[PDB]
Amino acid sequence: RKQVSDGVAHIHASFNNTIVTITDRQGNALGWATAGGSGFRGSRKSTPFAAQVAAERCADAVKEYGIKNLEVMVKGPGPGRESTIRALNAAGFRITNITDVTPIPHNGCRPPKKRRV
Amino acid sequence: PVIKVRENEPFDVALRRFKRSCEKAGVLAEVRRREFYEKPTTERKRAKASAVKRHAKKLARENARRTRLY
Amino acid sequence: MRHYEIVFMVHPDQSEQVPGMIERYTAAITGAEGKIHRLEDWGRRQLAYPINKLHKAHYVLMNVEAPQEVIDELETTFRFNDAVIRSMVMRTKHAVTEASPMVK
Amino acid sequence: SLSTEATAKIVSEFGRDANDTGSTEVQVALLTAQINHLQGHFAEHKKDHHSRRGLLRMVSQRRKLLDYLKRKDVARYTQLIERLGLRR
Amino acid sequence: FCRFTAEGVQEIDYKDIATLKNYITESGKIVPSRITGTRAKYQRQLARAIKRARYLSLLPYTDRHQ
RNA sequence: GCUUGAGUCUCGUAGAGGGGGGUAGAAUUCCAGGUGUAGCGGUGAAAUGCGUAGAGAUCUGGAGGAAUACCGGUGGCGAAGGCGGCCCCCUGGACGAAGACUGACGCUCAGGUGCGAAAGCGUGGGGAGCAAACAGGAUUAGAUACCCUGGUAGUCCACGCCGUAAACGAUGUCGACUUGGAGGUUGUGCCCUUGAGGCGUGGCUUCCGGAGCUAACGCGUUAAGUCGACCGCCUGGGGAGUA
Ligand SMILES: [Mg+2]
Ligand SMILES: [Mg+2]
Ligand SMILES: [Mg+2]
Ligand SMILES: [Mg+2]
Ligand SMILES: [Mg+2]
Ligand SMILES: [Mg+2]
Ligand SMILES: [Mg+2]
Ligand SMILES: [Mg+2]
Ligand SMILES: [Mg+2]
Ligand SMILES: [Mg+2]
Ligand SMILES: [Mg+2]
Ligand SMILES: [Mg+2]
Ligand SMILES: [Mg+2]
Ligand SMILES: [Mg+2]
Ligand SMILES: [Mg+2]
Ligand SMILES: [Mg+2]
Ligand SMILES: [Mg+2]
Ligand SMILES: [Mg+2]
Ligand SMILES: [Mg+2]
């Protein structure tokens, strides 16, 4: 494994899950961890506490690449919108940037129909 | 809300500054609105109910301030 | 006859052929009794977003009073010249001969 | 709409002192000149139902003026439709 | 309070880019007229010229597109 | 005969008014390739579904369709249906300022003719997303539903047809007359524009309310007030807008 000094965190938060992917600055994944793969299932995996171990198990998987600076690109809404980046400072990482990359259409395609629950 | 963190500045000062720039851009308010389709009837019916909400709180509640409560 | 404003964006490798392009597009107007009122050249300018894998282009402004048949003919000259990428030919009511805020 | 040197050229042809501009002979020919013009607009644009409604206003506004003139003066009526190219 | 009434300008030109950067936000969205105070005749001419200069790369559409 | 009704001319204004042709950015989907590795997706909870034949995530490149974030507003335009990126071309209407011009040329309208959302039909294309039908998974006593994963007509285009909607302001058109208050928008004139000020004057428009009307609710110079002209309509509930 070629030791790369820095990288980007991609935190794909949705209302049911959170996928954390540490990559480099060119877009090549180094390791990942999700909220449902943490031993969490159904309703437990869509909490803000379930998405910090997604960032902890992912920081624990990129220890051999030796990453010091790590900016964050947050995509999507969710309960782990905030607590996934709180626990990425706890792995000793100085934040470089924080980006918001939610895709916004300018009224393109038609979204699905309303739920009559 | 593309934020760079400035030199000699902690993480909480960049975290709370990120909880501000995502509300001026309307990021959370855009995603919940485009989650389901709203009809051209439904989009125009709520656009008038809020104009009644803004104007019947402005002019029709000042009456209790012209009068008194105790 | 009708006042127009044109602004066309040149590929930054063919930026030396712009004094050739301005001289051919001047004479196409004036060969049909057309006043060419002002004429500017904004230099290589940084783009705000990359059109077609490049970040810079060479901007030219040109204000013309021509008949509308030699203006549509100029729009299809920019359509097949691959040196020009974007043009925005746009009608004006009166004539303008002022300096730009970026010739300024 | 009919151009500036076209309404000044039909007033000067059918009016009295090149200045009356509102006489019945002048108004018919300015409506006739536009109805004759807009025939080429709607041979190209048949789905233009919003501006054809403005064309059919000029036709009803022309018939009301020719019905006015015909009992007001048969002699000026008969010479007006003889020159514009109208049949009634 | 409207500034194009104080200037007395009649056409908000899309090439005056030092002015048109006041009327977009950080992300490049057109700023509402309730906060700038632009008069409604001019806010229609403001947004018409910002959309004419996003076509010509004078202004960005969004702050994220590469 | 006359000039106030109705119209014409000159000069400007604002606007998603209409028809046609180009082009732009963002996003979804698919396809191809790199990195990566065991989960993804969904729910009240699940399961069907997708994944170890390498998914989901992430980066790059290409294709295609449909719609135009922000501006955007009880804002604008239109006879109504309705109309929203930006640019050109052809085009209809409204309105304002003074100034001439024609001289009752007007209003309404049975039969007639045209326009008329969406769905649907005929022919030819197009099809990304969405989705009647249909399918499977749940739920439930059952579940021909609601909820989930999919998915075809249809939605889009050209040209014909249909002729209906809670097509509503549940309020036919035209003209006249009768206290007021606070706003939006679009003009134009004048006063030191000493600045967006003050001061008149037109068009359209939202909200309140007086007299009056009203069964009451409410309406209230944009009338459902007081009038005139003309048209449409109604006459207990069901059977029936059916035979
Ligand atoms: Mg769904
Ligand atoms: Mg006319
Ligand atoms: Mg007079
Ligand atoms: Mg007279
Ligand atoms: Mg009838
Ligand atoms: Mg249809
Ligand atoms: Mg069909
Ligand atoms: Mg078909
Ligand atoms: Mg298909
Ligand atoms: Mg379904
Ligand atoms: Mg009916
Ligand atoms: Mg309707
Ligand atoms: Mg209604
Ligand atoms: Mg009715
Ligand atoms: Mg009231
Ligand atoms: Mg009564
Ligand atoms: Mg009445
Ligand atoms: Mg009544
Ligand atoms: Mg029947």
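Quick note: the coordinates plus some simple rules give every number you see, no bench work behind them. Here the Cβ is made from the backbone with ideal geometry for all residues, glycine too, and neighbour counts use every protein chain on show.
Across the stretch D:51-56, computed HN-Hα scalar couplings (Karplus, 6.51 cos²θ - 1.76 cosθ + 1.60, θ = phi - 60°) run 9, 5, 5, x, 6, 6 Hz from first to last residue, x flagging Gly and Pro. Along the axis of the charge dipole computed for the protein assembly as shown (Cβ charges of +1 for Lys and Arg, -1 for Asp and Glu, origin at the Cα centre), the listed residues A:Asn107, C:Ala95, D:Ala18 are led at the positive end by A:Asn107.
Just to confirm the filter: which trypsin sites (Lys or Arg not before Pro) across chain E are DSSP coil and have at most 13 other Cβ within 10 angstrom of their Cβ? Could the numbers behind the result be given before it?
Working: sites: E:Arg3, E:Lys15, E:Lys21, E:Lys29, E:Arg34, E:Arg39, E:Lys41, E:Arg44, E:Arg48, E:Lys51, E:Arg52, E:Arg54, E:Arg64; in loops: E:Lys15, E:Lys21, E:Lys29, E:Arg39, E:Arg64.
In loop regions of chain E (DSSP not H, G, I, E or B), the sparsely surrounded trypsin sites (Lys or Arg not before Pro) are E:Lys21.
For a test of the definition: using alpha carbon positions, the gyration tensor, and the 1.5 limit on a/c, classify the stretch A:36-117 as rounded, prolate or oblate. It comes out oblate by the Cα gyration axes. Think of chain A as having a plus end and a minus end, set by charges on the Cβ of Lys, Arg, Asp and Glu; of A:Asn89, A:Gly42, A:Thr23, A:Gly42 sits farthest toward the positive end of this dipole.
List the GluC sites (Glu not before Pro) within the stretch C:46-104 that fall in a DSSP loop (any state other than H, G, I, E or B) and whose Cβ has at most 13 other Cβ atoms within 10 Å.
Working: sites: C:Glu65, C:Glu69, C:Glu73, C:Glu75, C:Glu98; in loops: C:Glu98.
In loop regions of the stretch C:46-104 (DSSP not H, G, I, E or B), the sparsely surrounded GluC sites (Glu not before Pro) are C:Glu98.
Could you give the dipole magnitude of chain A about its Cα centre, charging the beta-carbon of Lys and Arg +1 and that of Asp and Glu -1, in debye to the nearest 20?
On the way: 18 positive and 8 negative charges, 140 e Å.
Here the size comes out at about 680 debye.
Which of the residue pairs A:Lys75/B:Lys4; C:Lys93/E:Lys15; B:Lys45/E:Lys41; B:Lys24/C:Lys53; C:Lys56/C:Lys104 have a Cα-Cα distance greater than 23 Å in the structure shown? Going by Cα-Cα distance, B:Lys45/E:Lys41; B:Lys24/C:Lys53 fall outside the 23 Å limit. The trypsin sites (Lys or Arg not before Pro) found in the stretch C:13-55 that occupy coil by DSSP, while having at most 10 further C-beta atoms within 10 Å, are C:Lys53.
Counting only GluC sites (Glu not before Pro) that DSSP places in a loop and that have at most 14 other Cβ atoms within 10 Å, the longest clean stretch of chain B runs over B:36-70.
This model, with +1 at the C-beta of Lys and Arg and -1 at the C-beta of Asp and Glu, gives chain B a dipole about its Cα centre of some 680 debye.
Working note: 222 nm ellipticity from helices only, DSSP H runs with n ≥ 4, each -39,500 (n - 2.57), summed and divided by the residues of chain E, gives -10500 deg cm²/dmol to the nearest 500. Compute the separation of the alpha-carbon centres of the stretch C:76-91 and the stretch A:56-117 and state it in Å as a whole number. Spelled out, the Cα-based centre of one part sits 42 Å from the other.
Give, rounded to the nearest 20 debye, the magnitude of the charge dipole that chain E has about its Cα centre when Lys and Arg contribute +1 at Cβ and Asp and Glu contribute -1 at Cβ. Before the final figure, lay out the partial values.
Details: 13 positive and 6 negative charges, 54 e Å.
I would put it at about 260 debye.
Run lengths n ≥ 4 of DSSP H only: what is the helix-derived mean residue ellipticity at 222 nm for chain A, with -39500 (n - 2.57) per run over all residues, to the nearest 500? Could the numbers behind the result be given before it?
Working: 2 runs with 15 residues, N = 117.
Result for chain A, helices only: -3500 deg cm²/dmol.
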